[PDB]
Amino acid sequence: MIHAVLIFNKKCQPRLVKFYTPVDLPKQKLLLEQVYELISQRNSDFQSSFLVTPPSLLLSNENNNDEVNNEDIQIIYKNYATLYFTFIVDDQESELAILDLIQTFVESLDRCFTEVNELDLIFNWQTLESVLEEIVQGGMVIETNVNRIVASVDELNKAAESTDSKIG
Amino acid sequence: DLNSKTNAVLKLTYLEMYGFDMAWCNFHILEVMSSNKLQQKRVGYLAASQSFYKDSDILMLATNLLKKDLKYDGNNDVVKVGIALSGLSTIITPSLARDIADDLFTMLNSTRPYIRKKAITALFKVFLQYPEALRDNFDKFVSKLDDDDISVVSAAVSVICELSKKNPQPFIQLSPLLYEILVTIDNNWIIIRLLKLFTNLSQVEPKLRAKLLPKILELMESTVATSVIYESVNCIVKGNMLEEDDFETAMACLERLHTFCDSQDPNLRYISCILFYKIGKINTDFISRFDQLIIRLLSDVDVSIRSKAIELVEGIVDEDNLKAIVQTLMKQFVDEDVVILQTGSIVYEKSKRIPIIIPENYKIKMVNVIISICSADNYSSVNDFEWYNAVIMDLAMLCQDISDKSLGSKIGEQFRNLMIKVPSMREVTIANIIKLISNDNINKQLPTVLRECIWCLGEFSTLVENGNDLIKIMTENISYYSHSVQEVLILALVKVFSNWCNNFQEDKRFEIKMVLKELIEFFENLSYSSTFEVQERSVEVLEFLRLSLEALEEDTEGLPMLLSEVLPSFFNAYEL
Amino acid sequence: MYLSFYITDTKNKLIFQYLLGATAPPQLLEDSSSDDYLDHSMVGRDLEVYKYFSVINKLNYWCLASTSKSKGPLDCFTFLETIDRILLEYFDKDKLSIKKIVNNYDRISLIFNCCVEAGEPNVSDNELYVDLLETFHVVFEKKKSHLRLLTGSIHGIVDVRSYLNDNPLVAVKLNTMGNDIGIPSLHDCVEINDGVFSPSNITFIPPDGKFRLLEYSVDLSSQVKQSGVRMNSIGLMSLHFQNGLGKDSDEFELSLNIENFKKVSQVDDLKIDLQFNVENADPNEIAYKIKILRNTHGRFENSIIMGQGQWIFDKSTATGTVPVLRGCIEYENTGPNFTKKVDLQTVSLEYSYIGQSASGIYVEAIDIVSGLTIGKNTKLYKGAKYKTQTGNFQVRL
Amino acid sequence: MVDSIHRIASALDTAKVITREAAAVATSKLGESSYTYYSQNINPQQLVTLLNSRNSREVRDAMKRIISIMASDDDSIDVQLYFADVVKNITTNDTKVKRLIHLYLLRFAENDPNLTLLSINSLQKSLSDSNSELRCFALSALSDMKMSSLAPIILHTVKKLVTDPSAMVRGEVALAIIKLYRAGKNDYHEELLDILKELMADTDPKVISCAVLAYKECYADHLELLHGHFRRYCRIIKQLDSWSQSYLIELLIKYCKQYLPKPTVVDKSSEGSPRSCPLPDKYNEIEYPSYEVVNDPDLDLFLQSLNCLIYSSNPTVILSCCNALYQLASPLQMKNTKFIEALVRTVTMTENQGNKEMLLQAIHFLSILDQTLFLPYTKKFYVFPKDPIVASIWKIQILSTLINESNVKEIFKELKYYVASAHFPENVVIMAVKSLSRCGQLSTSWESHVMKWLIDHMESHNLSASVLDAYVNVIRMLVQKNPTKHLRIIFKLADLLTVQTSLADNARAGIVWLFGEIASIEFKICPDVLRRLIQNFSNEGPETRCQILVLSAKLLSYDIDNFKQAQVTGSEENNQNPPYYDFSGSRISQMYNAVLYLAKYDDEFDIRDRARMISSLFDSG
């Protein structure tokens, strides 16, 4: 179970976080921040993509890759051109499921928002979210297929268009 | 207005997402859910689902509202249904559950996989509450589990999993169907889950584990992913599936790990290294196959890897290997180390020069390992004892920058053991120790090292020459020392003096005499330590010395006799 | 050897650092709200480097030092306080808030250096208004019907805001209402010249700047004893807690007569925090309600939960007038486990006066000496304001 | 943890410091946002460049950063490069610059001759200049340089600058004369004296503080001179602002450590005479003795002064004074009672919390060096109940050092009260114990009230383990001084330990010892105690084990002689008996054997070695 996803821009501002379960928000954040930081410390080539951490590296600083952990929480990072995506999962969701869901998410985002900028993501955050949700639901990513994901996003855009000032 | 409603709803959601009251926002959400539009229905449903927990009117209203929306397929039906269900599921009351179940059941029968997925997820949340509903709906699930769409299957599965988390017995019933789905899925994420589920069922039901094990390992073999592989491994390692009979299964899993470790992505690497270590604690043989993988991970720059390696190094060591590793670590550390001792740079690859790199916590562990290694078997086989001794002395130096005291402590304990072993090396070790003591940096921070040293000296003063420097060191440094050290020092000193006098034939050397006098003053001074125990220890040794002095003054040869006459008398006197 | 100095805010944010000399490379930070707390960190290796630290807190800022090995933690701290203070004077004063500090980080650095190289730490060391402010705090122990002042700490600050241009001298004679007044502490612009000025007299020289002229901390116990003062007003506020209680109420009549305050000038804010022991009774056992307390010039608000009275007497009540603060305490109990006893413990009354003398340092005369006359340009200002704070009276019943 | 906190503080300084640097530069071209830069990896290039920018704000800003870094430990920082540039700026007639420059110099001089010499020449010239401001600043640096070659320069200068009428110059000329001696001592001493004299006689606090800060240095060595000079200094203090008073305290600390002028016959008949005081021999006013130091207007004025400054109600001048009084003291000085009285009056005066502790510390230090003094002050340090764990801890440490007779009763009453009252933390109660102990060490008439209290506290209150450790060390000390109250005490303890089989490692270490100790008085009974202990070694930590061994060992001894001749067994001398012989090898052995075996098996060697020796010696008789 993904308990949460976070999409940050280059300037570290999160832009989307989804939490499928409740968890205490003050804890969720702390996690998001630590992850943000570590991201900055990691190099562009590293950008780490992940930061698994024993909790104790939660953060501990001493070897600066001290990773981040919080015990039972694995953090997966993915840098893309200017956005960063971080997924926090519980120990019971398999890493692969998490990675795939990420890689799929990202690929989808790039496919849908080919130029994503922070403004475009923002504006179309509702779309980004929908994508994430759909991917998740019933615990299930139900369309996995990068081609559908790309379409589904369009299906949603069709709705928001019919409403647009409550939207745009 | 509808466009305005969408706006209000956005603001409410933003508040409910914060950590804010949700009950206060329900009514306003319902009015929005009464809008025929499907989008507004969705945004409303989300808020209500984030909120509903407990408030009944909120729920009831949401229900009646969701029902009307469900019953009708709706034709954007996927969305309306889809959202509504999620919504309903995230709402739980018995009144609602009763309603919902009947609604979900109807929806499970929609065509569109999106709908089917949602419906399934919903029936999950519901069941998490109301068992009667489960029962009635248990059947539908079984029928849905058989739909052609892999996402729908994946969902049916997750749900059955939850219900196992809560009910396992009902689902130990369905396990066969689950096993049949896993055998039909192309998708990696889906395979991964199914695997987890079975592991979950195994915690409850070893019978299943058997049926599924082989389904796992075949899937891992057909999927590439990477996660499906890690998973099969965690399952094997967990169900405790393993038991040792299952080593074979485990082996396959490991072999897949070793391949992966050997991919460039640190996430996979770290994971494998861990899984390897674990298996090793559990299966030494696997470790011997995976030594290579480890050594390679040592030259890897990733601190989490390095740490995991050092931990592996501790349970693998062979002699050639030991020596290699030691040197490799010592060297590395002289070259890998510093960054974080100093602060805390982050890493770089690029400098071709490299910022260099180990945290403080690593430096500590390393030293600890070096100590264990020297003591296992027993490394009666460091062939070169010299190297060990050196290493230990070096570690002490670097740790001075580290403190953490524990490093400094462990290092000392070891150094002791080594000295005890390897009589040759003892003199070298003593000389080095003394020098370190006279370098001030050990005094700061390091009492332990001082203590051990002191010990090694009383024991081996019989090898050492300069039993003076040792003593004048120790005497001057005594005032700078901790109580445990002080005590240790005093004691060691006295031990030496006794030995010397008996052995002093170096000449007697006039120094023994001078040194005795000094030791006297000092011990008196220490008689003023806050901890009386240490105080008395001093005064005692003060007398002894005074005696020996009287003796040496008369002769050289006549000294042991005289000392064997008085010293025991004194000491016994005081204590007596 | 090296020394470093750093400054930090109350929230642990570093505001300034400095190093001096040489080779130089969480709880205490938090405890810092206690105004005192940050304390040594050993960077260390065997070069002992020792570190040390010290920190200082003042008015939300804190300062950290370091030293290398030897010097003692004292030389470091002495250097820190000297710095901090120098930061207060400079920055005028009222606050060095992290915002203010960070503002004058530079003037803070140089101020440091000047304190170092010399080798040694150099050690570490027109209108006139006289506003005597006094914050008393007194720990009374009720024994036998008489509240015997066990301790007390009247912290006087005598500030004098000035606007001269030259250096006229001021003599300030302080009267003793036969309490040999023992120590007025004098501000860096003030001189108490030598027993010429006797222990009762003070002489201040211009600064331009407001200046605390003399802080006087009279330890009431000796004074009151030397002077015999059952404070009959002030401080010995005789609180008779009358039982005649019922299960929930009690009436305690605390009269803060200001019989002994007639020339004590205004009291700017007497905050009577009546703590009701909650230490031995659990704040739930002590539910208490304070219903009516009558002041003639202030306000009674109650923080029960926390187990505290606060009665804030506004500065208007001044003389002879006796703000009798009677009223009733009602101990409300959610449990029965309150036995209707609240050992009545320590009623801390923090008085702040203005314009009177912490020790009884009433200035019986202030005389300017310099061949000056009145209207030879010297004016008697208004609005020096001393403030004095201690902690806080405590009557223990 | 601490290193990470320091890095976070540096980052916070860079945030606020970088914003401040940018705003300031608008001007400095700018050097505002630097700091925050270097404070997060700032460098020398940025600095040097700033010096070479033309604008005075920049030239100043630069000088600043340069001083902060070389100071911050951005250690990486060379200092010769900053030096040369700064020296060039010394020859700028702008005081602000001259000042900064001097502040830097000393920064370097801390090491290098050319850099020093350069700074020196530039300083000398500025010293032969009539400008009192520059002369001073310059002379100051010359003093913080360390060098013996610079002495003949600095001197001629210093002499001329003393003979200058200016108060600023007089402040500095003292610093120099001082830092000068700290190096090239002989040629220079005659003058450097007759000089420091005229000086000390200035009014300006920065001048006085300086001559003081000076005298504090030169005299480390030439203390005869310092005296005649030290006076005005001590006088000036009693007369002065509570800031400058603290400074004069620090010095008066060092001086004394040097001039004890000599006792030689010490004339206690000189004035107002303490031991007496000389006047210097070279002045030769009828030689007045040395211990000048405790008496003479210089030393004395110091001690008395310290008192006044402390009596003077200022907590600072008070804490300092205490520190100084801690050093002078020939222990005869602190015994001065006055010093203590002062500190005390302060503490209690001190309302302000930071100070409460400061005072509690001093007091402790003074009690440490002198107890019998803090006595007419205790009732004061009765512990302010509003306070913290450390504060309560200190109070205890005091009450424990103060105890006289007329004070003790009260003290005990207070402690007993505090223990019962404050929700005292474990650590407190722990110290509270170490005190009451240190008390009876002095009073006998009161000791009874003490022990009774302690025991009643231990047995009564619910005490923690750590606490039990102290109380044990205490009851031990009291027994050590008051053997009559002793036996009663022991009985009370034996009862407590036997109850508490749970005791802590340190507690057991305590109790087990006390009984090894009190055994002399009546080691007929001790074999009963040792038994209750051994029984419990095998289950204990290493330190504890060591303690138990020793105390088995001791007990054993005390009575060997009393055992041996008793044990040296069927030796005949023992079936002969003095009194203790005592039944000896058997009872004592049974105890030791257990202990030994128990040690040999503990990892800690020290415990083992002892056991081994103890056995060998015990066995052989």
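### Remarks on the overall build of chain A
Logical step 1: What chain A contains, in helices and strands, is 6 helices and 5 strands.
Logical step 2: When the helices and strands of chain A are read in sequence order from the N terminus, they spell out β-β-α-β-β-β-α-α-α-α-α.
Logical step 3: For chain A, whose C-alpha radius of gyration is 16 Å, the value lies close to the compact-globule estimate of 15 Å for 168 residues.
Logical step 4: Judged by the C-alpha coordinates and their principal axes, chain A covers about 55 × 30 × 30 Å.
Logical step 5: Sequence-distant contacts, at least 24 apart, represent 50% of the contacts inside chain A between residues at least 6 apart.
Logical step 6: Summed over all atoms, the accessible surface of chain A reaches about 6900 Å², with 50% contributed by carbon and sulfur.
Logical step 7: Taking the 12 positively charged and 27 negatively charged side chains of chain A as two groups, their mean positions are separated by 6 Å.

### Notes on the overall build of chain B
Logical step 1: Scanning chain B from N- to C-terminus turns up 31 helices and 0 strands.
Logical step 2: Taking 576 residues into account, the globule formula puts the C-alpha radius of gyration at 25 Å, and chain B, at 37 Å, lies well above it.
Logical step 3: Each principal axis of the C-alpha atoms in chain B carries an extent, and together these give about 120 × 55 × 55 Å.
Logical step 4: Looking at chain B as a whole, 56% of its 576 residues are labelled buried.
Logical step 5: The long-range fraction of contacts in chain B, counting pairs at least 24 apart against all pairs at least 6 apart in sequence, stands at 65%.
Logical step 6: Entry remark: accessible area of chain B is about 25200 Å², with carbon and sulfur atoms responsible for 51%.
Logical step 7: Across chain B, the centroid of the 59 positively charged side chains sits 11 Å from that of the 80 negatively charged ones.

### Description of helix α11 (residues 175–182) of chain B
The α-helix winds at 3.6 residues per turn, so residues separated by three or four positions along the chain end up facing the same way.
Residue and element names in this part refer to chain B.
Logical step 1: Buried within α11 we find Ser175, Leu178, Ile181 and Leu182. End-on, the buried residues of α11 take up no more than an arc of 115°, which puts them together on one face.
Logical step 2: The inward-facing, buried residues of α11 abut α9 (150–166), α10 (168–172), α12 (188–202), α13 (206–212) and α14 (218–222).

### A look at the pairing of strand β11 (residues 212–219) of chain C
All names here are of chain C.
Logical step 1: With 7 of 8 residues buried, β11 lies mostly within the body of the structure.
Logical step 2: Pairing between strand β6 (residues 146–162) and β11: 7 bridges, direction antiparallel. Looking at β11, one finds that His155 is bridged to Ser217.
Logical step 3: As paired strands, strand β8 (residues 184–186) and β11 are joined by 3 bridges and run antiparallel to one another. Across the sheet, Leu186 pairs through a bridge with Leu214, a residue of β11.

### Some remarks on a negative patch on the surface
Residue and element names in this part refer to chain B.
Logical step 1: On the surface, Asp102, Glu132, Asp136 and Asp139 cluster together into a negatively charged patch.
Logical step 2: With 3 residues, the single largest contributor to the negative patch is helix α8 (residues 131–144).
Logical step 3: Position of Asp136 among the secondary structure elements: in helix α8.
Logical step 4: Taking relative accessible area as the criterion, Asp136 reaches 62% and is therefore assigned exposed.

### Details of the domain arrangement of chain B
Residue and element names in this part refer to chain B.
Logical step 1: For chain B, the domain assignment lists domain 1 (213–316), domain 2 (317–394) and domain 3 (457–576).
Logical step 2: Each partner contributes to the interface: domain 1 provides 13 residues, whereas domain 2 provides 14 residues.
Logical step 3: With both sides pooled, the region where domain 1 packs onto domain 2 buries about 1300 Å², and carbon together with sulfur makes up 68% of that total.
Logical step 4: Counting every contact that joins domain 1 to domain 2 gives 2 salt bridges.
Logical step 5: For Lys365, the salt bridge identified is with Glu311, shortest N-O distance 3.7 Å.

### Quick notes on the side chain of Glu533 of chain B
Logical step 1: Among the structural elements, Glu533 of chain B can be located in helix α30 (residues 532–554).
Logical step 2: No salt bridge is formed by the buried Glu533 of chain B; the nearest opposite charge belongs to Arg476 of chain D, separated by 4.3 Å.

### Some points on a nonpolar patch on the surface
Residues and elements named next belong to chain B.
Logical step 1: Together, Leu10, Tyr14, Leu15, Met17, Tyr18 and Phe20 give the surface a local cluster of nonpolar side chains, amounting to about 550 Å² of exposed area.
Logical step 2: Within the secondary structure layout, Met17 lies in helix α1 (residues 2–17).
Logical step 3: You can call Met17 partly exposed: its relative accessible area is 33%.

### Regarding the packing of helix α17 (residues 266–282) of chain B against helix α18 (residues 284–299) of chain B
Residues and elements named next belong to chain B.
Logical step 1: Look at α17 against α18: their axes get within 9 Å of each other, and the N-to-C directions meet at 150°. Between α17 and α18, the angle is such that the two are roughly antiparallel. Viewed along their axes, α17 and α18 form a crossing whose handedness is left-handed. Here α17 contributes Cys273, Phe276, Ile279, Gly280 and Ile282 to the contact with α18, which in turn contributes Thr284, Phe286, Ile287, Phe290, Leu293 and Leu297.
Logical step 2: Looking at side-chain class alone, the contact of α17 with α18 contains 9 nonpolar, 2 polar and no charged residues.

### Overview of unusual backbone geometry
Logical step 1: Following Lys215 of chain B, the chain continues to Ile216 of chain B via a peptide bond in cis, the omega torsion being 5°.
Logical step 2: The omega torsion of the bond from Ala225 of chain B to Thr226 of chain B falls at 0°, within 30 degrees of zero and hence cis.
Logical step 3: Even without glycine at this site, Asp92 of chain C takes up a positive phi of about 60°.
Logical step 4: Judged by its relative accessible area of 60%, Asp92 of chain C is exposed.
Logical step 5: Its identity is not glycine, yet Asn462 of chain D carries a phi of approximately 80°, on the positive side.
Logical step 6: Structurally, the position occupied by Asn462 of chain D is in the loop between α24 (447–460) and α25 (465–481).

### A few points about the arrangement of the chains
Logical step 1: Interchain contacts are distributed over 5 pairs of chains, and the most extensive set of them lies between chains C and D.
Logical step 2: At the C-alpha level, the nearest point of chain A lies 13 Å from chain C, with no contact between them.

### Considering the packing of aromatic side chains
Residues and elements named next belong to chain D.
Logical step 1: A full pass over the atoms with the stated rule returns 52 aromatic pairs over all chains.
Logical step 2: Centroid distance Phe230 to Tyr255: 5.0 Å. Interplanar angle 25°. Geometry classified as stacked. Residue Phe230 is found in helix α13 (residues 223–238), and its partner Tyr255 is found in helix α14 (residues 244–258); the two are separated by 25 residues along the sequence.
Logical step 3: You can call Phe230 buried: its relative accessible area is 0%.
Logical step 4: We note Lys197 situated over the ring of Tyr283; from NZ or CZ to the ring centre the distance is 4.9 Å.
Logical step 5: A cation over a ring is seen here: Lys416 above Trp453, with NZ or CZ 5.2 Å from the ring centre.

### Considerations on the packing of helix α29 (residues 542–559) of chain D against helix α30 (residues 586–599) of chain D
Residue and element names in this part refer to chain D.
Logical step 1: Packing of α29 against α30 brings their axes to within 10 Å, and their N-to-C directions diverge by 155°. With respect to α30, the axis of α29 lies roughly antiparallel. The two elements α29 and α30 cross, and the hand of that crossing is left-handed. Facing α29, whose interface residues are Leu549, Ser552, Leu555, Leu556 and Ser557, α30 presents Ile588, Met591, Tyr592, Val595 and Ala599.

### Here we look at the sheet that holds strand β10 (residues 203–204) of chain C
Residue and element names in this part refer to chain C.
Logical step 1: Sheet architecture is open: 4 strands sit in the order β9-β10-β7-β20, paired in antiparallel fashion. The open sheet terminates on both sides in strands that have one partner only, identified here as β9 (190–191) and β20 (361–368).
Logical step 2: In this sheet, β20 lies alongside strand β7 (residues 170–176) in antiparallel orientation, the contact comprising 7 bridges. Counted as the bridge partner of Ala171 is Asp367 from β20.

### Notes on the sheet that holds strand β1 (residues 3–9) of chain C
Residue and element names in this part refer to chain C.
Logical step 1: With antiparallel pairing, the 4 strands of this open sheet are ordered in space as β2-β1-β4-β3. Of all the strands in the sheet, the pair left with one neighbour each is β2 (14–20) and β3 (54–58). On average, adjacent strands in this sheet sit at an angle of 15° to one another, irrespective of strand direction.
Logical step 2: Contacting β1, β3 and β4 (61–66), helix α2 (residues 72–89) runs over the sheet at an angle of about 30° to β3.

Rules behind the numbers
Residues numbered from 1 in each chain as written, not as in the entry; some residues may be left out. Chains lettered and ligands numbered in written order. Heavy atoms only, no water. Helix = DSSP H or I, 4+ residues; strand = E, 2+ residues; numbered from the N terminus. Rg over C-alpha atoms; globule rule 2.2 N^0.38 Å. Contact = heavy atoms within 4.5 Å. Areas by Shrake-Rupley, 256 points an atom, 1.4 Å probe, with all protein chains shown as cover. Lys, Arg positive; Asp, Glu negative; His and termini not counted. Charge placed at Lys NZ, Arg CZ, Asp CG, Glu CD. Buried < 20%, exposed > 50% of the residue type's maximum accessible area, 1.4 Å probe, protein only. Arc of directions from axis to C-beta. Pairing = 2+ DSSP bridges. Patch = residues over 30% accessible without salt bridge, like charges linked within 9 Å, V, L, I, M, F, W, Y side chains within 5 Å. Salt bridge = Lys/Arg side-chain N within 4 Å of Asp/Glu carboxyl O. Domains from an automatic or database assignment. Buried area = accessible area lost by both parts, 1.4 Å probe. Axes fitted to C-alpha atoms, helices over the stretch in contact; angles between N-to-C directions. Parallel < 35°, antiparallel > 145°, perpendicular 65-115°, else oblique. Left-handed = near helix turned anticlockwise from the far one by under 90°. Nonpolar A, V, L, I, M, F, W, Y, C, P; charged D, E, K, R; others polar. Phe/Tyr/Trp six-rings, centres within 6.5 Å; stacked < 30°, edge-to-face > 60°. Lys NZ or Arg CZ within 6 Å of the ring centre and 35° of its normal.

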